[PDB]
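Here the structure is laid out as structure tokens; the discussion comes afterwards.
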Amino acid sequence: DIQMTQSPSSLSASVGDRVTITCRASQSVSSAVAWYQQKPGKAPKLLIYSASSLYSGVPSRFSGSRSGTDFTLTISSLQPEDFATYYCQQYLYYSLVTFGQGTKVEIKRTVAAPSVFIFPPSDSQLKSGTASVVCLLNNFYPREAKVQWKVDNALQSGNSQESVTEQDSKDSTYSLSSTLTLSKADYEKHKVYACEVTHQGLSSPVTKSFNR
Amino acid sequence: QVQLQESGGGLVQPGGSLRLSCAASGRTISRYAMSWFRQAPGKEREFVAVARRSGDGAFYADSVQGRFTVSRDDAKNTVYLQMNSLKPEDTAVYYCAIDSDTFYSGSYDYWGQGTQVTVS
Amino acid sequence: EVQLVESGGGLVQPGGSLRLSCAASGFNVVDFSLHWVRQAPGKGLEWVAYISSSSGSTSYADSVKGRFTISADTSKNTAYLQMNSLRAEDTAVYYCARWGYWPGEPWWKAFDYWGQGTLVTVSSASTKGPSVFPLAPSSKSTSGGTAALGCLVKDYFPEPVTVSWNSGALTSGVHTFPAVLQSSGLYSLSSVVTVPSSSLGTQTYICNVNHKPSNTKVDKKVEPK
Amino acid sequence: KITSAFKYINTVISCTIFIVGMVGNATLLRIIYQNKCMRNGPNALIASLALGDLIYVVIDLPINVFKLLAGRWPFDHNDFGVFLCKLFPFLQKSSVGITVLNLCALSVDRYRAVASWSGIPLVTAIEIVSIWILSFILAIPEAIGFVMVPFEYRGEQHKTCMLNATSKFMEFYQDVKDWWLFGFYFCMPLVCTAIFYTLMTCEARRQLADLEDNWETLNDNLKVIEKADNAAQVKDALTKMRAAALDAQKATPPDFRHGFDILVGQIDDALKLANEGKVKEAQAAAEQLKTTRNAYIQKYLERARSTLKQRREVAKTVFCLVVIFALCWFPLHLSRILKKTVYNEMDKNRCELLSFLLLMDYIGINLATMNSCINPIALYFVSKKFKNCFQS
Ligand SMILES: COC(c1ccccc1)(c1ccccc1)[C@H](Oc1nc(C)cc(C)n1)C(=O)O
């Protein structure tokens, strides 16, 4: 009950900008709403309470505002210490407490296309009986990208686990790798392996293939 | 089927300013992202600028950083580029395009007819 | 200042039981209530349970109702949470927060001091040594340019995984990935190095992964395909 | 042509204005500082506005009637005699400026006080003195540019004081001054006041639209819990009750706060009882709220409402004077601006239009002068508070 919705899921902003996050409730809760800041691998800390109030130990750039059922958090100057995950909570009573989904704030840069450097599986994997067709996209921004798996010039579903890293401190870019572990029985039937890639920075989809 | 006939610009002197425009009818931009790809002579269309939905920001490319600006109106489904302080290397044919997904992943099935905007 | 410390977490089999301990220091438990909030890996925060030290009232959410029991001792100044019949999805990081009583300002400050977090994982697989696989790029792919060497790791079960390229010698421009869920237990992860030069001097690529609980250090010598 | 009967009626109305306004302003400034209860900000402003008229009337009116019915200006050949023509316009302009600025200040503070919902202060005295100084500063122009000129009635070298501009600034002022007068002394007092009145009318509806809603939601939630079959309905209604109590406690200004805290605590106790599943205990706890509701909340709601009844009463008294002053000063400007742009330079309607405009202006003078003595009458008939003091 009393669900809280956070408007921007992700937000790109550079140093010295103004950022605003909006929370919306489903019931007439009073000013009993609070905000929290969390860096990865740490317990969140309090920022604002009573929907407009500074907690002792936070910079004055943080501000909050109440208007009816909607609530707004504003940072006038986005100093290099404001890149974390922000959370939004209502506490009308002890037992009934719900949280928002959270918002992630990151840097803003230019656009780089994913420079695919494909690599085939080693012979030892198929000797053991389970190879892994794996493709890589390196140094792209923004995060969104699409890869569709294709074997023997034909698309296929399953065994399509993928992971994405976090923004490196070198140039604030991402990277992704897709793995296609397969058994010897189907790998020996398969001959061609091509991974088709698409990015918003790449006009046309490019694929690179290796034979077996 | 999304026509995006882009009018504006065409020729300018060095250090000038222009304002291109592409608009869509029957396919609102209110739920889609606008992209601008410059076709250079002999090279495939290169990304220049992009505009997300309302309030989601507008990324750019290193070729037009600060030199350009892209803003759109959802009431008429129109979008503009304001190029300032142009250099002679900008002579090419610009294209407008609309993505085919709601999560901005990679969709660029549509492509622009192409309007030549030279300089110098 | 007010301090809350959580302890008593570890890996258990499905259907097992566990007990925690949130100790409070610097303040009396009978002046501030205690709550437990759970965070799944990569998910949002959710409420679990609550105990008032003075009144004794305890409350639970529908996610842990019937399998979680929360209590406290004032003389020990420590709260405890007991889980029974744990499930695989239940794995998460638990925190123990505090909240003041109604009449006056301390109620308006909500959660002001948190604990530190205790990680609970539920699994059935047994610890086993990791298996390494060379992941060199093809000769045709990126011939002369940056070549994406890789070292694929599979079939392994430590928490604090350490994977080093060139046995830790290769550090410039490396990309190591978080472990993926894989299947039938265990995890999977890989690391890739740009290394634009294709010199035979650096063609060694002795990628070493470690499994501390199993005392298994596995090195892979990739072949420059 | 207008007969000397105009001169005689002008004399009679001037005498009437004197004999009425002198007494009225005397009683008003006697009462304002006689009573220990009628001392406050608005009353200090009204007292200043009232005193601004005695020093106008008791000096301007006698010389005005004498000059109106005599040979010429009194004391034609005197060093201080020429000072009379300097003093004559200065005092009137200062009086009108004081009145307009005081009405604007009344509108400003009337809007300010309503927003801050729940004996002259320093701010009021500072504003009063600042307005008094600014009126004279702005009206000096009229006292610097009035001079006497020669004329030859019955062969004499007599003097009559007209507007014979000397310095270039004086010519610039004479070239355009009617528009500046119209804008300053008729537009801004009739624009800012309307805006501030609208702002008030809007907020007051809001600062009271909510309170009624909160009271209604408490009562209807009580009605829901009095017949709640299961604990789910009890929790659902108690959540609304708690939200309403927390919202209403903020509106309450610093006794009542302790009662609101007690109500919130009792709602929490009922909710805690309902959580365990004891429906009957929850219903009993909700029923226990009758003691708190009819002991602290009822008196708070009663006083708050009736307090806002009084706040508006003053506002109506303040805003009656703006309308009265506007209706008094409109006709003169009407005959001053229609003889400028559509003026009868050569229009054939001079047989009819010219006489009508002449009469309109020559009665607008008297109507504008009547504004220096009507304020006691309007206050007596509309304030209903100064009425008691006047009766006593
Ligand atoms: C017609 O003479 C008046 C005057 C003023 C000062 C000295 C001599 C004569 C006058 C005298 C008596 C009553 C009314 C007006 C008149 O006053 C006036 N006051 C305001 C606020 C606006 C306008 C347009 N007029 C004027 O300034 O000419």
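In the structure tokens, the first chain shown is A, the next is B, and so on; residue numbers restart at 1 for each chain, and ligands run from 1 in the order shown.
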Can you tell me which residues sit at most 10 Å away from ligand 1, counting only C-alpha atoms and all ligand atoms, written as a VMD selection string? chain D and resid 60 to 61 64 85 to 97 100 142 to 143 146 162 to 163 177 to 182 184 to 186 329 to 330 332 to 337 361 to 371
Contact set, chain C to chain D: 12 Å, only C-alpha atoms, as number ranges by chain: C: 52, 55-61, 101-105, 108
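Relative to atom CA of residue 105 of chain A, atom CA of residue 85 of chain A is found at 6.7 Å.
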Shell of 12 Å around residue 34 of chain D, only C-alpha atoms, local chain residues under 6 positions omitted, as a ChimeraX atom specification: /D:26-28,389-390,392
If you take only C-alpha atoms and a cut-off of 6 Å, which residues of chain A touch chain B, and what are their nearest atom pairs and distances in Å to one decimal, in chain and number order, as CSV?
residue,atom,partner,partner_atom,distance
A:110,CA,B:61,CA,5.0
A:111,CA,B:61,CA,5.3
A:144,CA,B:105,CA,5.0
A:145,CA,B:105,CA,4.9
A:146,CA,B:105,CA,5.8
A:198,CA,B:106,CA,4.8
A:199,CA,B:106,CA,4.5
A:200,CA,B:106,CA,4.8
A:201,CA,B:47,CA,5.9
File dump, residues just selected, N, CA and C atoms, as a CSV table (one decimal), in the first residue's frame:
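Saved result, selection07.csv, follows:
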chain,number,residue,atom,x,y,z
A,110,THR,N,30.6,12.4,-24.7
A,110,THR,CA,30.3,12.3,-26.2
A,110,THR,C,29.9,10.9,-26.5
A,111,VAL,N,29.8,10.6,-27.8
A,111,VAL,CA,29.4,9.3,-28.2
A,111,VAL,C,30.5,8.5,-28.9
A,144,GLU,N,23.1,2.0,-23.5
A,144,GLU,CA,22.2,1.1,-24.3
A,144,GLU,C,22.9,0.6,-25.5
A,145,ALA,N,22.7,-0.7,-25.7
A,145,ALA,CA,23.2,-1.4,-26.9
A,145,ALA,C,22.4,-2.7,-27.1
A,146,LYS,N,22.5,-3.3,-28.3
A,146,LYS,CA,21.7,-4.5,-28.6
A,146,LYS,C,22.6,-5.5,-29.3
A,198,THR,N,24.3,-3.6,-32.5
A,198,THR,CA,23.6,-2.3,-32.9
A,198,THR,C,23.8,-1.3,-31.7
A,199,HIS,N,24.3,-0.1,-32.0
A,199,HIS,CA,24.4,1.0,-31.0
A,199,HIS,C,23.8,2.2,-31.6
A,200,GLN,N,23.3,3.1,-30.8
A,200,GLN,CA,22.7,4.3,-31.2
A,200,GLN,C,23.7,5.2,-31.9
A,201,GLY,N,25.0,5.0,-31.6
A,201,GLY,CA,26.1,5.7,-32.2
A,201,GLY,C,26.6,5.1,-33.5
Which neighbours of residue 183 of chain A fall inside 8 Å, counting only C-alpha atoms, when residues of the same chain fewer than 5 positions from it are skipped, and could you give them as a PDB file with C-alpha atoms, in the first residue's frame?
ATOM      1  CA  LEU A 126      35.580 -28.298 -27.260  1.00  0.00           C
ATOM      2  CA  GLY A 129      33.056 -31.053 -24.583  1.00  0.00           C
ATOM      3  CA  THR A 130      31.652 -27.548 -24.015  1.00  0.00           C
ATOM      4  CA  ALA A 131      32.824 -24.559 -26.048  1.00  0.00           C
TER       5      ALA A 131
END
Given the choices A:133, A:75, A:23, A:32, which gets closest to residue 101 of chain A if the distance is worked out from only C-alpha atoms? A:23
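Residues from chain D that have an atom within 7 Å of chain A, counting only C-alpha atoms, are residues 243, 246 and 247 of chain D.
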For the residues selected in the previous step, produce a file with C-alpha atoms as a JSON list (two decimals), in the first residue's frame.
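Written file, again.json:
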[["chain", "number", "residue", "atom", "x", "y", "z"],
["D", 243, "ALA", "CA", -2.57, 11.67, 7.89],
["D", 246, "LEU", "CA", -0.58, 15.28, 11.16],
["D", 247, "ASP", "CA", -1.69, 17.69, 8.42]]
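Residues of chain A having any atom within 6 Å of chain C, counting only C-alpha atoms, are residues 43, 49, 101, 117, 119, 121 and 122 of chain A.
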For those residues, write C-alpha atoms to a file as a compact mmCIF listing (two decimals), in the first residue's frame.
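Saved the output as result_36.txt:
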# COMPACT_ATOMS: atom_id res chain seq x y z
CA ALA A 43 24.68 1.59 4.04
CA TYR A 49 13.47 14.74 6.47
CA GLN A 101 13.00 2.02 -7.00
CA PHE A 117 36.97 -7.27 -31.24
CA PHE A 119 37.53 -13.83 -30.33
CA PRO A 121 36.69 -20.24 -28.34
CA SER A 122 39.82 -22.22 -27.58
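Straight-line separation from atom CA of residue 149 of chain D to atom CA of residue 161 of chain D: 6.0 Å.
Of the residues in segment 111-157 of chain D, those that DSSP places in alpha helix (DSSP H) on the basis of the backbone are residues 111, 112, 113, 114, 115, 122, 123, 124, 125, 126, 127, 128, 129, 130, 131, 132, 133, 134, 135, 136, 137, 138, 139, 140, 141, 142, 143 and 144 of chain D.
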Using the selection just defined, write its residues with C-alpha atoms as a compact mmCIF listing (two decimals), in the first residue's frame.
# COMPACT_ATOMS: atom_id res chain seq x y z
CA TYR D 111 -2.81 41.10 2.45
CA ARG D 112 0.24 40.35 4.61
CA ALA D 113 -1.72 39.71 7.81
CA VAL D 114 -4.14 37.21 6.25
CA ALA D 115 -1.28 35.01 5.03
CA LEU D 122 8.32 50.13 14.82
CA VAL D 123 7.64 49.12 11.20
CA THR D 124 4.31 50.96 11.13
CA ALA D 125 5.83 54.17 12.51
CA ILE D 126 8.74 53.94 10.05
CA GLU D 127 6.35 53.49 7.12
CA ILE D 128 4.16 56.38 8.33
CA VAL D 129 7.11 58.77 8.58
CA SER D 130 8.52 57.61 5.23
CA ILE D 131 5.19 58.26 3.49
CA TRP D 132 4.91 61.66 5.16
CA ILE D 133 8.37 62.67 3.91
CA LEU D 134 7.90 61.23 0.41
CA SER D 135 4.65 63.13 -0.16
CA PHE D 136 6.32 66.49 0.51
CA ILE D 137 9.38 65.52 -1.55
CA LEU D 138 7.20 64.63 -4.55
CA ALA D 139 4.97 67.69 -4.15
CA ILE D 140 7.77 70.31 -3.96
CA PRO D 141 7.52 70.84 -7.79
CA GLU D 142 4.20 72.63 -7.29
CA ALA D 143 5.69 74.87 -4.61
CA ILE D 144 8.73 75.83 -6.70
